[PDB]
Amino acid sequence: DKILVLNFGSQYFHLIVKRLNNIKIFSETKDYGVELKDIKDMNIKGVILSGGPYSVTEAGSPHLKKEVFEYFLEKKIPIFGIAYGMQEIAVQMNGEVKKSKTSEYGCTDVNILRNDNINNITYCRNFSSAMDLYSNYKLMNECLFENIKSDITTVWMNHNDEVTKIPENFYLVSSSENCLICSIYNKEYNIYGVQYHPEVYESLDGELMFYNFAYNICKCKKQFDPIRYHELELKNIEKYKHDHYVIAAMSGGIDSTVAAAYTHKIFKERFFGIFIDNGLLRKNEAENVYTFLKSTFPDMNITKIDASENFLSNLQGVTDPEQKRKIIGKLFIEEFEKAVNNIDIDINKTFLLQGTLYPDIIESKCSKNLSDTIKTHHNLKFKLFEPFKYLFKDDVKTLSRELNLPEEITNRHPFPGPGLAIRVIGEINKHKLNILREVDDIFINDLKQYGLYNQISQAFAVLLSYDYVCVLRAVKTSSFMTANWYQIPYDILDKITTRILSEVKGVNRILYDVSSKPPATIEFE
């Protein structure tokens, strides 16, 4: 089952192939000007159209023959157009493509469209209501996007021309802030179209859309099941389990606690657990995180650090978020090294274990904004060990269940690097932290009691013997650069605010953030 791929001049053409090789599907390359005789004798159950530096309507521009396109639809050959490829599918099928209003380059989020998802569009006036615009186009109920987490997906943009008129009898599937008709799907001829480049590493769900295309749509008979795994990288390092050591910043997050779980199984004695209580943690996490780790991992060597006093004194006076982040970052590297320099081992023979995920890499790769980022800490040059570099968050959740670990660790909302520092606005103090912790803990303990925690991506509190003002944050994260605010039922919401202003001393006003990202952010500072 060879899937045919055609080149139009895309600088990402090899990535299109490399994607197929990672998902272990056979592939054969031909250009955009192949005579039918060369692809008729071959068994082909799919077609892919690449991008190209040319304009889809200008003179001398690369295209396909008229009779070769009428060869696919009759033989039931699913088509897939990328960027310039999508534009080619439009032009040949009575669709109009002209120069766009504004170009698109870099990381970009696109909205999957149902008749339900239409409400999630804010940019209606960019090209002026929600349904007032999508009444001109078709929709449906969700097949390319089978098994996708959210209705958003981060993709790689590189183009200046977009589609202007949807081809004959097509469904509009996706839209972006600067490209309305971004993705299409013909149910009749089983054709898919996309303006972005899913093959690019920056595109998060690129391999997922390819797996659904060739397997679940083109019906290729697999023949290659295992392939890429979290254990493949682990089975590799097994050949170093006596030569070197492995250290890890035990933070308490699911990413660090289930990465250390396997790396302790390999380096049973050569593994060092380093947990640092910066004093910027939540209520009782100074002990509960440590106590839990020692209990669940008895054989694991754990070194607990209390540099909280070194964090407070160094943050005194500092009110600017950037310098507050700069201090915490440049101080975390110190207390970590100092801890490593308490356990005498070969520095040139040791690994740096970092539960790093595929989305974490791109979030750092595609430099957009790093205020809401979680993995912050990502004079000693280590050989970095990131076995989950090609893995997802939902994946890690599955492994943590296989290890008989509780659900408490897999439901735990992602707690960022700088901690409560960017949650205490202005001057930071040990007193303000105490007040914020009392408020934050009540807020969380209730969300658990009434069962809303699991339905929220991330929830916390912000502080704005003086009486202070508190803000309650609760979001529904779709991508690392876009999120909504969770709509807490009022009856439940009322109880929390009632139980905070009554019990906690030092607060007389509670606010709830009702601003989305963009243009806002998850974290205040």
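Numbering starts at 1 and runs along the sequence shown.
According to the entry, the deposited sequence has 4 to 9 residues without coordinates between residue 378 and residue 379. Where residue 142 is followed by residue 143 in the displayed chain, the model omits 1 to 3 of the deposited residues that sit between the two. Between 156-164 and 343-351, it is 343-351 that carries the larger average Cα temperature factor according to the deposited entry.
The stretch with the higher mean CA B factor, choosing between 431-439 and 183-191, is 183-191. Highest CA B-factor among 371, 176, 257, 169, as stated in the entry: 169. Comparing C-alpha B-factors across 446, 238, 199, 360 in the deposited entry, the largest value falls on 238. Ranked within its chain, residue 426 lands in the middle third, by CA B factor from the PDB record. Ranked against the other modelled residues of its chain, the C-alpha B-factor of residue 51 as given in the entry falls in the lowest third. Placement of the Cα temperature factor of residue 269 within the chain: highest third of the modelled residues, per the deposited record. Annotation for residue 275: CA B-factor lies in the middle third of the chain's modelled residues. Per-chain ranking of the deposited C-alpha B factor places residue 232 in the highest third.
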